[PDB]
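Engineer: need a 3D model of the sequence below.
(chains A, B, C and D)
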Amino acid sequence: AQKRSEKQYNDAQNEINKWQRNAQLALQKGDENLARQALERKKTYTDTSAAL
Amino acid sequence: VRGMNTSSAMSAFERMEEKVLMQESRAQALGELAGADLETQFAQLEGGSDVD
Amino acid sequence: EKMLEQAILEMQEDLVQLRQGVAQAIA
Amino acid sequence: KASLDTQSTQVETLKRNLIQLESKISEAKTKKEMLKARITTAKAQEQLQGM
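Structural biologist: Numbering: from 1, shown residues only, chains lettered A, B, ... in the order given. Find the structure here:
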């Protein structure tokens, strides 16, 4: 369980990181709308991380 | 011509014209539900990024 | 486990109906 | 002649009924869509309470 949750929490961090790059990539291309929606995912995953 | 209970043409349209459009609308409705994912919007960015 | 597995499978199948209802609403 | 003048009223009276029912049946079909919208919402809330 400890290792299972750890991976999930580690994946959450990775997910957040992945979103960051995608959100940052959207900003570079001029798509702030998608970037703003990607920030919600970060927050959503950050909240999930906290729970985990 | 006026439209009797079992008029071959009029009655056929009641079940054909109506249902056909219903299924068509469902496709778009259900299709839009499957395309609401934010990761699909990131794929569009990837396409433009990959070509450059 | 016995009370979670049954709930997890039933709570996920109810979402499909909700999505179908939204499709009809969208239609 | 007396009957002719009296029987003509029905023709116009019955014609008004058909004119009114023509628009009432269209509203009945429009109610279905609205009824399904609130029926799906009612079930949606019931599914939200099952979690």
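
Engineer: for residue A:52, give me its contacts.
Structural biologist: Listed by CB atoms under 8 Å, 6 or more residues apart in numbering or on different chains, the contact partners of residue A:52 are A:5, A:8, A:9, A:12. Just so you know, the C-beta spots here come from the backbone N, C-alpha and C atoms, and that holds for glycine as well.

Engineer: could you find the closest non-adjacent residue to it?
Structural biologist: In space, and not counting its chain neighbours, residue A:52 is closest to residue A:9: 4.5 Å by CB to CB, 6 or more residues apart in numbering or on different chains.

Engineer: packing partners for the helix or strand hosting that neighbour?
Structural biologist: Secondary-structure assignment from DSSP states H and E places residue A:9 in helix A:2-29. Under the contact definition 3 or more CB pairs under 8 Å, 6 or more residues apart in numbering or on different chains; DSSP states H and E, helix A:2-29 sits against helix A:32-51, helix B:39-51.

Engineer: contacting residues for the residue of chain D found nearest chain C?
Structural biologist: Minimum separation of chain D from chain C (CB to the nearest CB) falls at residue D:40, amounting to 3.8 Å. By CB under 8 Å, 6+ apart, the contact set of residue D:40 is C:21, C:22, C:24, C:25.

Engineer: could you redo the last one with a cut-off of 10 Å?
Structural biologist: Residues in contact with residue D:40 (CB atoms under 10 Å, 6 or more residues apart in numbering or on different chains) are C:17, C:18, C:20, C:21, C:22, C:23, C:24, C:25.
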